[PDB]
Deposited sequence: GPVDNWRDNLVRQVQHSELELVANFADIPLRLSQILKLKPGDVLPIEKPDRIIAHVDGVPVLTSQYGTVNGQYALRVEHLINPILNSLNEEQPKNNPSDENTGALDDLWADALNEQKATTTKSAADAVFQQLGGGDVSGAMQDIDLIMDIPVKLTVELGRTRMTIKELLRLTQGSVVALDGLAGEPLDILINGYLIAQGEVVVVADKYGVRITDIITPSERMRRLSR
């Protein structure tokens, strides 16, 4: 009865960049050393990340106990509107869990996420899924390449639902 989300990257953009995104664009991101996993928005653990054996997974490094234990209880670019911040989220993957199984976690635990490695990651704005993207590495600088994406119009509508 609980969802564990693993964010890969948070990319701060302006509305205009959001609406101009198209497949093939690569969005620069910081090499994610650590990965903070969240439950309805709230960090509950940090972890390293990889695969097992074909699924993405987290290797837990640190549980944030107080929080876990409390779960138990058409318009110019000059326009200011175009400069409004929209956070763009790349999820590494998710997993549904019971509070019990969650609390059973410890340093070292390997949690598999509900997605196959090599298949495109979910990309969201304002918590709504608006595109797919694939990790790309060139001379150790990381990026996410947009593989599929809804229309600029639908982006605009999902943002302000």
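Walk along the deposited sequence from position 1 and note every stretch that has no C-alpha coordinates. Missing C-alpha atoms (numbering from 1) occur across the ranges 1 to 17, 91 to 139.
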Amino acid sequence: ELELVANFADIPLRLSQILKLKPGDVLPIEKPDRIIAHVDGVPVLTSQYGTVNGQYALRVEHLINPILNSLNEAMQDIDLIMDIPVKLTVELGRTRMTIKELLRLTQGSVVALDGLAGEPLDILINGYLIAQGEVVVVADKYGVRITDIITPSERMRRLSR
From here on, numbers count along this sequence of modelled residues.
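Averaging C-alpha B-factors over each stretch, which comes out higher, 41 to 49 or 94 to 102? Going by the record's values, the stretch with the higher mean is 94 to 102.
Comparing 125 to 133 with 53 to 61, where is the mean C-alpha B-factor higher? Averaged over C-alpha atoms, the B-factors run higher in 53 to 61.
According to the PDB entry, is the CA B factor of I35 in the bottom, middle or top third of its chain, that is, lowest, middle or highest? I35: CA B-factor falls in the lowest third of its chain.
Where does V86 sit by CA temperature factor within its chain: lowest, middle or highest third? As the PDB entry reports it, the C-alpha B-factor of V86 lands in the lowest third of its chain.
Using the temperature factors of the C-alpha atoms in this entry, rank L159 within its chain: lowest, middle or highest third. Middle third by C-alpha B-factor.
How does the C-alpha B factor of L27 compare with the rest of the chain: lowest, middle or highest third? Its C-alpha B-factor belongs to the lowest third of this chain's values.
Would you mind ranking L4 by its C-alpha B-factor against the rest of the chain and naming the third, lowest, middle or highest? According to the entry, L4 has a C-alpha B-factor in the chain's middle third.
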